[PDB]
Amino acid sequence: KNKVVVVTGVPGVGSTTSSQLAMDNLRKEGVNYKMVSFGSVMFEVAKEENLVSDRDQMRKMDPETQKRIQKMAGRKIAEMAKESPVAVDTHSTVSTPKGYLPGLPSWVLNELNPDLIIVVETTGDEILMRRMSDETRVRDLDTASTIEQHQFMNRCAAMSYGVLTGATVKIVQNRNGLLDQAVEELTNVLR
């Protein structure tokens, strides 16, 4: 079976860019990853259905709809994993008006059957401040505490995925002024 890696982090923690940088590094040494964005895969389906204009509105849809578009996005990537080792960029849980939506519910977890789950964190202070200057996307500008709460539930969910699939769960800190350290750590676990 092809390696399936799940990378997660709350919006603004920089899990996407730091993992991308790590995978650019591993490319230069023979390691290849099919970087997939779970969010983009379901965004294309949600936009195609005229439900959303931008990716940041999907978590505002009612759970029933989010889970349906989630189920679909799952099959897409599961089929995508059949050709090469996949690095799925996504979320341990999504913060919706109805609460934390598990990003990899029972059935999706089984489709993807990941070997590794990476959780990229940092402090809520840094995450708020980063979201504060980011004009590229629509963030929820919560409090450092709310962001910590989200990271708390992400750990819980991530560890559940690990217990169900046997996947290992890696927690990596991506702190301000320390991206290099984060990239090195991510590169080693993904190698």
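Residues carry their position along the shown sequence, with the first being 1.
Which wins on mean Cα temperature factor, 52 to 60 or 160 to 168?
The deposited B-factors put 52 to 60 ahead on the C-alpha mean.
Between 41 to 49 and 140 to 148, point out the one with the higher average CA B-factor as the PDB entry records it.
Per the PDB entry, the higher value belongs to 41 to 49.
When you compare the CA B-factors of 119, 80, 94, 108 as listed in the entry, which one comes out on top?
Max CA B-factor in the entry, restricted to 119, 80, 94, 108: 80.
Give the position of residue 16 by CA B-factor within its chain, expressed as the lowest, middle or highest third.
Middle third by C-alpha B-factor.
Just say lowest, middle or highest third for the CA B-factor of residue 25 relative to the other modelled residues in its chain.
Its C-alpha B-factor belongs to the highest third of this chain's values.
Using the temperature factors of the C-alpha atoms in this entry, rank residue 114 within its chain: lowest, middle or highest third.
It falls in the middle third of the chain.
Tell me, lowest, middle or highest third: where does the Cα B factor of residue 155 rank within its chain?
For residue 155, the deposited C-alpha B-factor lands in the lowest third.
Would you please rank residue 87 by its C-alpha temperature factor against the other modelled residues of its chain and give the third it falls in: lowest, middle or highest?
According to the entry, residue 87 has a C-alpha B-factor in the chain's middle third.
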